[PDB]
Protein chains: 2
Amino acid sequence: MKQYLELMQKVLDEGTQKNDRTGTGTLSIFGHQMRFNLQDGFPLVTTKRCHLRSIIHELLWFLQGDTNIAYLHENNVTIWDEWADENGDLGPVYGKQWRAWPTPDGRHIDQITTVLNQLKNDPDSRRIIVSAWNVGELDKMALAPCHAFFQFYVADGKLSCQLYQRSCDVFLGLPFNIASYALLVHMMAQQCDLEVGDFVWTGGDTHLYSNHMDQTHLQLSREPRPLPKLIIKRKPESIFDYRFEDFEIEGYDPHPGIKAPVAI
Amino acid sequence: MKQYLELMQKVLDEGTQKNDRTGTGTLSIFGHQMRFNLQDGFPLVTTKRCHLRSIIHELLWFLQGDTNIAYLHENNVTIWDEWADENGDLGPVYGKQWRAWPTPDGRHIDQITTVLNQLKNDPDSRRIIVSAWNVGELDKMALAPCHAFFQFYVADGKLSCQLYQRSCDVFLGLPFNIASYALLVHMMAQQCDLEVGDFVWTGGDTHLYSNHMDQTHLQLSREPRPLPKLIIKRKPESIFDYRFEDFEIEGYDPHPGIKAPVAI
Ligand SMILES: C#CCN(Cc1ccc2[nH]c(N)nc(=O)c2c1)c1ccc(C(=O)N[C@@H](CCC(=O)O)C(=O)O)cc1
Ligand SMILES: C#CCN(Cc1ccc2[nH]c(N)nc(=O)c2c1)c1ccc(C(=O)N[C@@H](CCC(=O)O)C(=O)O)cc1
Ligand SMILES: O=c1ccn([C@H]2C[C@H](O)[C@@H](CO)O2)c(=O)[nH]1
Ligand SMILES: O=c1ccn([C@H]2C[C@H](O)[C@@H](CO)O2)c(=O)[nH]1
């Protein structure tokens with residue numbers, strides 16, 4: 001898509017070369033925002049074939065409050081493999097924080113139930129937020145949260161969402177993150193009987209890895225096609241019981257997949 | 001300032017009317033970003049006169065870990081009085097989260113000295129973050145954190161910072177919030193022997209209150225003046241040892257002050 005390809009070109013034209021924790025090397029910029037009107041289509045990139053079943057299984061895994069890759073393995077999704085301990089655990093990452101933020105006093109906060117109840121009982125609230133940046137638990141995590149903090153907003157019957165992503169792999173992780181959160185806004189709007197508005201993406205250290213330069217140049221020479229449409233086949237009795245079968249994308253015609261080395 | 005007056009005009013041209021917890025009513029946009037190059041000048045608005053005293057004393061108060069207004073009273077700062085209880089207390093707001101975020105197991109994390117240690121030993125980290133958004137303590141706070149989350153970045157010997165502000169009173173609070181953070185970026189750069197880079201402001205619910213519209217069009221009819229210059233007269237032993245007198249603003253020639261009521 002055009003917003004995405006523009007950001008790729010901006011990192012190649014303006015990026016500063018940095019040494020990163022993996023010793024791979026990076027071209028980097030700081031501070032970027034992009035806006036996706038969800039009325040205009042599902043923001044799934046078309047200049048390379050994205051694999052939607054990993055995106056939706058990971059999100060359903062987050063909403064169930066789970067931090068073990070077993071569910072993901074039952075569904076053949078491999079994305080979290082090299083960050084899990086010998087027992088399949090990643091520590092209190094996203095799922096644990098969304099569904100059960102631990103207080104110092106033993107209790108737990110369910111930020112997703114809280115956000116649902118806010119959108120239904122108080123839509124004008126300027127605090128409809130969920131954070132995964134639990135400073136008291138970052139130590140205990142296999143990886144610190146990249147998509148750290150997000151906020152929902154309602155205006156004329158429409159639900160918007162803004163993500164703060166502190167660390168972004170433009171070639172590999174960012175297509176995956178945009179579609180994952182656009183999916184969540186569609187699920188939330190359906191449970192809350194609202195229309196979809198904008199998905200706003202804001203990034204911190206926004207970067208392209210040195211060994212992704214050829215892959216980037218190939219994608220950057222491809223023309224963006226029309227965006228797909230997301231069909232949610234049934235309306236579940238809560239945001240905690242959607243299943244892989246409920247989601248469909250008509251009109252998705254992408255360019256070939258493009259393989260790229262993952263950095264660990 | 002140019003960026004600032006452009007934002008006021010954007011929420012006027014594109015904002016939608018919203019009801020809010022204070023009952024006052026607001027014009028509102030969601031999702032905005034702007035960049036202040038701190039090498040160009042200190043970003044203190046010139047289209048109306050701003051009170052530096054309260055900005056500097058509130059930052060110094062935050063950095064001490066203090067959440068009681070007694071300090072602010074010893075210095076004639078009354079900006080936090082409406083929210084403070086009978087004992088001068090605001091609950092675990094900014095100062096406490098910044099200096100002593102409580103973990104699930106007894107511990108307390110000082111996010112400011114962690115950030116200083118990362119800028120010295122690891123300035124290319126993508127994790128140099130301070131969060132005030134402690135989900136576990138929100139209900140003990142006088143008010144939920146508006147300037148909620150921020151991130152530092154280093155590139156060509158320069159320190160940059162991006163703030164996510166979830167709720168923003170564009171007329172009354174935002175002049176205060178960008179001078180406060182630009183000041184923190186100069187204090188941090190001075191401590192780490194870095195030069196100043198960019199302050200990136202990102203807003204969630206960015207708004208103008210209904211009873212601020214004539215003041216806003218009044219300000220908006222004024223040409224921005226030359227941006228002031230910050231002179232720090234001393235290099236203290238630590239970020240916690242700065243004093244009001246160490247800072248001098250040079251060349252601040254603002255248009256007349258404009259009074260406006262605070263929403264409850
Ligand atoms: C973001 C996020 C979640 N994640 C987690 C995650 C964890 C560590 C990371 N590390 C690095 N260096 N980059 C990433 O983008 C990244 C992403 C993902 C993990 C892998 C792929 C990936 O390699 N994508 C391939 C194949 C995926 C598939 O078969 O579906 C692709 O071609 O798209 C995508 C997302
Ligand atoms: C942001 C922040 C901290 N705060 C805290 C804070 C708390 C609640 C709020 N509530 C509302 N509705 N708007 C705010 O901007 C706001 C700000 C402030 C509080 C008061 C003033 C204020 O009245 N301003 C000056 C007027 C002139 C000037 O701007 O210089 C004053 O009289 O002191 C500014 C900042
Ligand atoms: O959801 C995610 C997770 C990780 N990353 C990137 C950030 C950095 O490049 C590396 C490790 O966090 O993978 C993303 O872009 N998105
Ligand atoms: O740092 C601050 C604190 C408060 N506000 C505004 C937000 C909202 O309009 C009201 C209450 O949080 O005051 C700001 O803009 N900045």
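Per the PDB record, this model was obtained through X-ray crystallography at a reported resolution of 2.10 Å.

Caption draft 1: Quick peek at the site of ligand 1. Residue and element names in this part refer to chain A. Contacts to ligand 1 come from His 51, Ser 54, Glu 58, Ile 79, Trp 83, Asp 169, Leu 172, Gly 173, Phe 176, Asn 177, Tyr 209 and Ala 263. A distance of 2.8 Å separates an oxygen atom of ligand 1 from a polar side-chain atom of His 51. Mapped onto the shell around ligand 1, the elements with two or more residues apiece are helix 2 (52-63) and helix 6 (173-191). Residues belonging to the shell around ligand 1 are distributed by class as follows: six nonpolar, four polar and two charged.

Caption draft 2: Spotlight on the packing of aromatic side chains. On inspection of all chains with the given rule, the structure shows 31 aromatic pairs over all chains. Relative to B:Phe247, the ring of B:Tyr242 lies with its centre 5.7 Å away and its plane at 20°, an arrangement referred to as stacked. Across the pair, exposure class does not vary: B:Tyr242 and B:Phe247 are buried alike. Through pairs of rings, three or more aromatic residues link up here, namely A:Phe36, A:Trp61, A:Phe62, A:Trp80, A:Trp83, A:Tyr94, A:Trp98, A:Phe150, A:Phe152, A:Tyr181 and A:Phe199. A:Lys18 extends its terminal NZ or CZ atom over the ring of B:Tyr153, reaching a point 4.2 Å from the ring centre. The aromatic ring of B:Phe171 is capped on one face by B:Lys48, whose charged end is 4.3 Å from the ring centroid.

Caption draft 3: Structural context of the site of ligand 3. Residues in close proximity to ligand 3 include A:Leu143, A:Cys146, A:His147, A:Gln165, A:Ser167, A:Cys168, A:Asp169, A:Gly173, A:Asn177, A:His207, A:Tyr209 and B:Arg126, which together make up its full environment. Per-site note: the chains with residues close to ligand 3 are chains A and B. Here an oxygen atom of ligand 3 and a side-chain polar atom of A:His207 are 2.7 Å apart. Between ligand 3 and A:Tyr209 there is a distance of 3.1 Å, counted from an oxygen atom to a side-chain nitrogen or oxygen. For ligand 3, the accessible surface in isolation is 370 Å², of which the surrounding protein chains cover 85%. Sorting the residues of the shell around ligand 3 by element identifies strand 7 (158-169), helix 6 and strand 8 (195-209) of chain A as the ones contributing at least two each.

Analysis parameters
Residue labels used throughout are counted from 1 along each chain in written sequence order rather than taken from the entry, whose numbering may differ, and residues without coordinates are not included. Here chains are named by letter from A upward and ligands by number from 1 upward, in the order in which they appear as written. The side-chain numbers reported here are obtained from all heavy atoms of the structure, hydrogens and water having been left aside. By convention in these notes, a residue is near a molecule or strand provided one of its non-hydrogen atoms lies within 4 Å of it. N or O atoms within 3.5 Å of each other form a polar contact, as long as, within protein, one can give a hydrogen and the other can take it, and as long as residues adjacent in sequence are counted only when both atoms are side-chain atoms. Helix numbering and strand numbering both begin at the N terminus, where a helix is a DSSP run of H or I of at least 4 residues and a strand a DSSP run of E of at least 2. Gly is put with the polar residues, along with every residue not named as nonpolar or charged; the nonpolar set is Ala, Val, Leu, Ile, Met, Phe, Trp, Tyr, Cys and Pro, and the charged set is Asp, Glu, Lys and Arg. Any two of the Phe, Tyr and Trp rings considered here, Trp counted by its six-membered ring, make a pair once their centres fall within 6.5 Å; the pair's planes then place it as stacked at under 30 degrees, edge-to-face at over 60, or tilted in between. Note on classification: 1.4 Å probe, protein chains only; a residue is buried when its accessible area is under 20% of the maximum for its type, exposed when over 50%, partly exposed between these limits. Placement of a positive charge over a ring is assigned whenever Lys NZ or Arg CZ falls within 6 Å of the ring centre and within 35 degrees of the normal to the ring plane. Per-residue and other accessible areas follow the Shrake-Rupley method at a 1.4 Å probe size, with only the shown protein chains counted as cover for residues.

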